[PDB]
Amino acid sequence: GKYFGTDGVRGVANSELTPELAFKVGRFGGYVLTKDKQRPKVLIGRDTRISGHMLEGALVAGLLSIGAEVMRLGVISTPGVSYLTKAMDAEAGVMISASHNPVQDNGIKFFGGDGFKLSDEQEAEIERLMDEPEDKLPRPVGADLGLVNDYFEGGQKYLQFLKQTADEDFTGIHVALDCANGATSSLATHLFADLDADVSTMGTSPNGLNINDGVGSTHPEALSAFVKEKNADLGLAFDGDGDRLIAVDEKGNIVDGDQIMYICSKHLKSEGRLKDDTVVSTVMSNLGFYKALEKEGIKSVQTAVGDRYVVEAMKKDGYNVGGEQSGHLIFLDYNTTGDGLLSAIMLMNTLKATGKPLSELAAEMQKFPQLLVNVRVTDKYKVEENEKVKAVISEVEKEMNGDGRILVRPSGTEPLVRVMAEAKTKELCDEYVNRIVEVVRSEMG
């Protein structure tokens, strides 16, 4: 009924996301794409998950059973697929991965020919075919059967395109890489060695079991240690499929996606390349990122959470740069989806154009402290309105006067509500939250 969430088709591999489903996906999916060509060119990529092989085989089988021309890519980052499908006029690109999730999980994600996600009505038709119980789709025979020519060389192409967006050799910079034991493990090390940086690596020994196991964008603490240990200029932590980037300065502090977006968009404005000097972001972004934008004369468009809205916003009005705090950054001049390595190169560009250390460049955006307090309440759903709670909030907001932010949303999992403040100091956070919290306890408990 719905197999395509916001990440395409996800599940625990073999339990929920069965090789049986990956076959029907590939078989019906290639049908929906058979309205263009009747030999649609389709690219498959995967990350280093052990189940990728089981799913790639079953999925490739379905694509060849309706006549699609299949191009195995091997293990490559999701950006690589997006770039490659558009750069080789393919009708689609599939990526088998579950990003930063644990190893038992896998997923199937589709790209149409433009390098963006598959159109929402195309995904619709697929789902409507997978709920009929009788496959009456064609079964080509003999030479009408699908044909496979592998392209394990495609990584080298994507690599050479990234290398061409480097403004100059990164000589003299000692960089440390955490590749999450995932899709970027071989790509990243070849990319930065080839730009003549000094490269120390970790999380680059994938074996099908160890993806995002205390490594990668979402477990940056290890890379923090490894940078201080090897006295590196910075650390780069991609996630399992290479669409996120989180950095680490020479002093070992985490540099999140808000700060990277700041650092780079300010670099692009400095070169005339940021278009309309605007930057698209989500509501997930820290208040002091907007503050830092106004102080550098960069307008901002804010959207709802989710890659699809950030990219839709940039597309409508020609925007050059977008991103979320998670490390997902889109440089629409170069690639149609978030690209960890691309982010990394723009970051390195800034490091060598300004000669400053990454500590200093991340300083120029002051993050506002946040504070969460969880109030157990009897019925968490009748606080949306309340003359005493909704009042104390509006009071607290205008008092802040744009140098702070409130958010109160009932938990879904549990019988409690989450009160969260951003302010310019931890102490303003404490009081602002405690005002709202103590009147919430006045009703429920």
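Each residue number is its position in the shown sequence, starting from 1.
Just going by the entry, 368 to 376 versus 92 to 100 on mean CA temperature factor gives the higher value to 368 to 376. When 185 to 193 is weighed against 168 to 176, 168 to 176 comes out higher, by mean CA B-factor as recorded in the entry. Of the candidates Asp239, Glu125, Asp277, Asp249, the PDB record gives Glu125 the highest C-alpha temperature factor.
The entry lists C-alpha B-factors for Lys230, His267, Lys157, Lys117, and the highest of these is at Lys230. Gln259 sits in the lowest third of its chain by CA B factor, as recorded in the PDB entry. In this PDB entry, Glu312 carries a Cα temperature factor that places it within the highest third of its chain's modelled residues.
Annotation for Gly216: C-alpha temperature factor in the middle third relative to the rest of the modelled chain, per the entry. For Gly322, the recorded CA B-factor ranks within the lowest third of the chain. Only modelled residues enter the ranking. Sorting the modelled residues of the chain by their CA temperature factor places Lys136 in the highest third.
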